[PDB]
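Chains as they are written, first to last, in the deposited numbering: chain B, 1 to 27, 27A to 27F, 28 to 213; chain Q, 3 to 12; chain A, 1 to 52, 52A, 53 to 82, 82A to 82C, 83 to 100, 100A to 100B, 101 to 215. Beta carbons: idealized from backbone N, C-alpha and C, even for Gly.
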Ligand code: NA
């Protein structure tokens, strides 16, 4: 059967550049009679179903921009993007459609390189409904930064914390290619009642010095 | 056309 | 105006049985065969098979023969996928997709159905506001959100203002907190002057526990 080898697995480019992704077969995908290729390109943006991009190896779907061109035949195929925009952050999949089984490729993940964006930092004290529940989550928001590497440290009454925090990073954004991070510190209401100053220290390459956002409990 | 005959020969 | 609508996400124990529906509308149903595609969480796409809408004949990929069944109900324009004797490896999102009129590509896709196979039982989330406060101020802009805490399994759906607010929204990937339950937060940045004239409502839907919550996130001070 047809094994679809895709290359490279992840590739990173600057916004505006043109790039190449490769799809290679085991056996040929040529009809020999219709002189048409049964290869299809699909795009999967995060959280969505796949979208049909290109069928018959170069024919574009209805409503598609003219910056995606793939034109291979036989056993070697390429998909190329003329000007990468921030909306093209996705995984690209080739599919054999010549014969059963109609195998997919492994996927190429395309990521964006941009300039440095310092994070804007917000802190949220726990809600009164949750404090009635017995727990207290304090949330620290790092918004719209690049690159992805970022250090976040919790200080409660200027005492660096080592447990009780969980972090989550977004995918790269569809409009400006940045990342967003949340760090959530989780204490009981009792341990929360025993301290006053809650602070979030943030270190990132866009900041000349690390930035601290803080509140005092009860304001 | 069809549609219910995928592939080269259906 | 062609839509494929799939049934909602389900939590099933190992050994149990699941059926997923795929109701198509907008085209003559019996002229376009129906494919199924598996996507394991964080992993790639695998083609499972397809069923003939005209004849009823299924065709399975070799890995899916035996525990998987494709069926149709033509009078309701609906395709069905059934997984028997559920294993751990069946936790995934299952897509139904339509053969294009070419026969060369898959044209219209459903939105996916996530099946989680686990002995554990459903927990519905609690929802707590992340109110704007001036500790939530940067530049001229304010941040606000919703904490969606202590739920099982994934997914939760979060929208804002019944889907009319999308710009500047970050819904974060959930963490697995140490209790085994999932926790998530959804945030938006808005202008700070418009707090007090705009309203921001987070809409949280956890289908496996039939939990729907609308929470108006109001300014603190
Ligand atoms: Na969280």
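When distances are taken from the beta-carbon of residue 135/B to the heavy atoms of the ligand NA, even the shortest one reaches 8 Å or more. DSSP lists 109/A as the bridge partner or partners of residue 10/A. With 16 or more other Cβ atoms inside 10 Å of its own Cβ, residue 114/B counts as buried. Take residue 15/A, set aside five residues on each side of it, and the residues of its chain with a beta-carbon closer than 8 Å to its own are 82B and 82C, in chain order. The three-state secondary structure of residue 130/B, taken from DSSP, is strand. No heavy atom of the ligand NA is found nearer than 8 Å to the CB of residue 172/A.
Here DSSP, grouped into helix, strand and coil, assigns residue 180/A to strand. Under the Cβ distance rule, residue 87/A does not count among the residues neighbouring chain B, no pair being separated by less than 9 Å. By the neighbour-count criterion, in which a residue is buried when 16 or more other Cβ atoms sit within 10 angstroms of its Cβ, residue 160/A is exposed. The nearest non-hydrogen atom of the ligand NA is 8 Å or more from the C-beta of residue 181/A. Chain-ordered listing is empty here: chain A has no CB closer than 9 Å to the CB of residue 22/B, the nearest sitting near 16 Å. The distance from the Cβ of residue 137/B to that of residue 174/B is about 5 Å, consistent with a contact at the 8 Å cut-off.
Within the segment 178-210 of chain A, those residues whose Cβ lies closer than 9 Å to any Cβ of chain B are, in chain order, 178, 179, 181 and 183. Interface residue (Cβ-Cβ distance to chain B less than 9 Å): residue 10/Q is classified as such.
Contact with chain Q is absent for residue 92/A, since none of that chain's Cβ atoms lies less than 9 Å from the residue's Cβ. The criterion of a C-beta distance shorter than 9 Å is satisfied by residue 130/B and residue 186/B. Closer than 8 Å to some heavy atom of the ligand NA: that does not describe the Cβ of residue 46/B.
Between residue 32/B and chain Q, the shortest Cβ-Cβ separation is below 9 Å. Between residue 47/A and residue 34/A, the beta carbon gap of about 13 Å keeps them out of contact (Cβ cut-off 8 Å). When the five nearest sequence neighbours on each side are left out, the beta carbons in the same chain lying within less than 6 Å of the beta carbon of residue 153/A are those of 197, in order along the chain.
DSSP assignment within the segment 140-187 of chain A yields the following whole beta strand (DSSP E) runs of 3 residues or more, N-terminal first: 151-154, 163-165 and 176-185. Collapsing the DSSP output to three states places residue 202/A in a helix. Rounded to whole angstroms, residue 9/Q and residue 181/A show a C-alpha spacing of 46 Å. Counting C-beta atoms within 10 angstroms of its own C-beta, residue 174/A has fewer than 16 neighbours from the protein chains shown and is therefore classed as exposed. Within its own chain, the residues whose Cβ lies closer than 8 Å to the Cβ of residue 163/A, once the five positions on either side in sequence are excluded, are 154, 180, 181 and 182, listed in chain order.
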